[PDB]
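In structure tokens, the next block holds one chain alone, the form deposited in one PDB entry.
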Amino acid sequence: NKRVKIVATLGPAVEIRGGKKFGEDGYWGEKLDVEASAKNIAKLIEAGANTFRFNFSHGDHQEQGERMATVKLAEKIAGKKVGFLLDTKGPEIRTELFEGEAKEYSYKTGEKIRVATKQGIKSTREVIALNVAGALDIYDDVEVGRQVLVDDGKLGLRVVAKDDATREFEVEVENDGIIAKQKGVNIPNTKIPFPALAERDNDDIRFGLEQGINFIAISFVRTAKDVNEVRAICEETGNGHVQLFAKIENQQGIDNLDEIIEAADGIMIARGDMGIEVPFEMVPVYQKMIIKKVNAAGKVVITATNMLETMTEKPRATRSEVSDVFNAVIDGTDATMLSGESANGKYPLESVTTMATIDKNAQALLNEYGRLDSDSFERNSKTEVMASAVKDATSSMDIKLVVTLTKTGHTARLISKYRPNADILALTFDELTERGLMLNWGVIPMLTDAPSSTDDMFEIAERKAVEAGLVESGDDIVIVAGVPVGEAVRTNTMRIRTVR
């Protein structure tokens, strides 16, 4: 069973529209064929995607809502639930549209063209327009000799001058390639004072909150305030169950990492922007340190971006991509992510299968090479003392499965944190807790009836483990619970049981 969780970004790549697969003739012209689209998504779920990411940097509310509805059907086709993660636009910058029939342009090194700060206009081959977050004027934030990078740094522009008359940057193209709509723009070493939380994000979140989501990934978290602002909307709408993963993708994020970890439910290591906003060679340092610190706090860490990039276009990943996924698992990540690979490319299913195969192989080598060390943790509560004793039992003998009966998931989270040498079946009593545990390392969430004071929870643990196919006659399992139901304050009991 795959212990490392997969976040798969959804998009047009899986969506059959009017009988036409993605990238064909008048595709964006046809309307979405829900049942067929849903069968594709079901196939991602069966292949090991544990959560779908809906990126609010691409698509009106209508595209998102319909995609979100397609997954709901997909869960019913697959007969398996997934988490629903919403990724915010956040304080970012993109490339608007081009005048005439143009979608892009060919540029050459030493070529001198223009970038506009004038918000809400159009792009010309000699005048690229910047769509900024909340239409801010960045003209007085950017100095000559700064770099404007387009399509995740795929194309660089050197600010060689500034025209006060038009509020335009004069830029010399540094290398050859593509300029595109809603295509990221980084201007590193730039103190643009974006809001603690833009309105468009406020709006996107409430929309997502009303559709039903489990997780919010908050782009460009700079300070705890950015997390707390989103917490506020979550508690206010009565969605206090929603978990916030701070996306660390700049120096301010890294500088305030400790305070961001405390306010958040987890960290998405957003290496795309991080490797432009900070020295690319420091990203692997920050990755390892962030995984260690988030695991130490009992929270969720997702490693993101370029993990199987090549499988956008090809059926097999490069040796560096297989290495990167493998090493994320060894570093101790709870989850690995696909973006364009699953959302936008020709092999989304294959991307998920491939990531699953790598993650499953790497998990077999965590004993030998794993970087996380649970022996170093302070056990700060009686539930955590029990998670430690569970890890000990799984080290002392061959344990097929750990079962926790968990009201809110707290026990499953502390067991996960300790990385036992076993899968963790988390028996919970509502769908929100079940979906909320789907990014925790090793945790297999399962809905069951809330136990009565006359029920045998150890018999329920065994029978639900047998039903789910996770154990058979003669297997040894560790079950934890709060006994007796409705007298116990917390998980207080551990039972070693041989399956009948």
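Residue numbers here begin at 1 and follow the sequence given.
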Comparing 299 to 307 with 121 to 129, the one whose average Cα B-factor in the PDB entry is higher: 121 to 129
Quick check on the record: does 324 to 332 or 256 to 264 carry the larger mean Cα temperature factor? 256 to 264
For the listed 108, 314, 360, 271, which has the peak Cα B-factor recorded in the PDB entry? 108
Out of 279, 420, 284, 177, whose C-alpha atom has the biggest B factor in the entry? 177
Residue 54's Cα B-factor: lowest, middle or highest third of the chain? middle
Would you mind ranking residue 483 by its C-alpha B-factor against the rest of the chain and naming the third, lowest, middle or highest? lowest
Splitting the chain's C-alpha B-factors into thirds, which one does residue 10 fall into? middle
Chain-relative CA temperature factor third for residue 319: lowest
Residue 429 - which third its CA temperature factor falls in, relative to the rest of the chain: middle
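Below, we turn to the form deposited in another entry, even though it does not appear here.
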Report the entry in 192, 131, 228, 281 that lies at the hinge, where the C-alphas stop fitting one rigid part best and start fitting the other, between the shown form and the other one. 192
The CA atoms of residue 312 and residue 155 move 3 Å or more in the other entry, ending up farther
Look at the CA atoms of residue 103 and residue 338: state whether they lie closer or farther apart in the other entry than in this form, given a difference of 3 Å or more. farther
